[PDB]
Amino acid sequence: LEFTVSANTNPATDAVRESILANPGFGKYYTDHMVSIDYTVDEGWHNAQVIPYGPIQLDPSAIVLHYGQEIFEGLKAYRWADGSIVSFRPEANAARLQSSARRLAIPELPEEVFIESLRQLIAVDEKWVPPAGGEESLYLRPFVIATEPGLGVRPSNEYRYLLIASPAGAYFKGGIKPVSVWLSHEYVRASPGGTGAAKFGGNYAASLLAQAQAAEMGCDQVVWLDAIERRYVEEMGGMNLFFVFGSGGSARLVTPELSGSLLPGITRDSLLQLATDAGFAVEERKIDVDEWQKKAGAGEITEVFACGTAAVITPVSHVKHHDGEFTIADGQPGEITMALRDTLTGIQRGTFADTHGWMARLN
């Protein structure tokens, strides 16, 4: 599968680009080009190309516009001191896009094609990757949408894979500042036999009211409890959660297990490995509101943090729910939270040794 290149004749001026990179925000600006791959039952994935970033055309009756058959991924590209451009565990996103595709009846995109699309876009828009050593990065958003016409409800037979990139700074408006959370009493993220394990747009549209309610209760973010017993803590928005018991080299790390409806975070997977590398004991189990509030107040649970690609790690300092409210430790970012954040971002930036071979070159 080969990509053809159609250069953007009217890209952003170097001044504009530089301006963006010095103050990108998140998912606000986009690079000059994008990747496009079409899919039909008879030709499979074809017509792969790098074209100028621009409006996309869809028939008014396109499936994605009526029955929400779409999926997406999210990863980053970093610039290193040696001039190379790399990504953090690209293969993991490639494999997850496939699992998401299967759950949504979307044809899988070969992993080598996935990786290739990344190299192709970086080849033409490398100048959009922020300078080395900094905290900035180039967010990559690969996604697939159903584009076949027809108002009948069924899997689409035509799809379009798109890859766009957006300069990225801090995801949350508070940066590293800790966030307060509202445990949703009225809504659930997903339930068994659903789409909670897939990165599917439908999951997000359904969470909008629950997040507005969190803010109306005086909190920054909503946290989800299992849809069955409405007791076990699972995720903050679309981020995984970790609980630190104790501190120092003897501290214990607890995080909800992959129920089957829980999003299998790449960052989550990485942090469990990093914690073990540091000698910390890790534990994947269920944990409810009572244990959380009780042990937090007791002082056993010394920290809590959320993790995901965009924000990496976000400290959680305050909790509010239908039957209570409490603070985690002194309300400040915890030692372990910041050590692990520092360790992971260091590996991604090329500062620390990548013993697991997580960093892949894209150049």
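Each residue number is its position in the shown sequence, starting from 1.
As listed in the deposited structure, the average C-alpha B-factor of 212 to 220 and of 79 to 87 is greater for 79 to 87. Two stretches are in play, 67 to 75 and 227 to 235, and the higher mean C-alpha B-factor belongs to 227 to 235.
The PDB entry assigns its highest CA temperature factor, among 193, 202, 149, 142, to 193. When the C-alpha B factors of 351, 343, 19, 355 are read from the deposited coordinates, the top value falls at 19. In the deposited entry, the Cα temperature factor of residue 243 sits in the middle third of values across the chain's modelled residues. Residue-level temperature factors show residue 299 in the highest third of its chain, judged at the C-alpha atom. The deposited CA B-factor of residue 182 belongs to the lowest third of values across its chain.
Compared with the other modelled residues of the chain, the Cα B-factor recorded for residue 172 ranks in the highest third. Among the modelled residues of its chain, residue 161 has a C-alpha B-factor that falls in the lowest third according to the deposited record.
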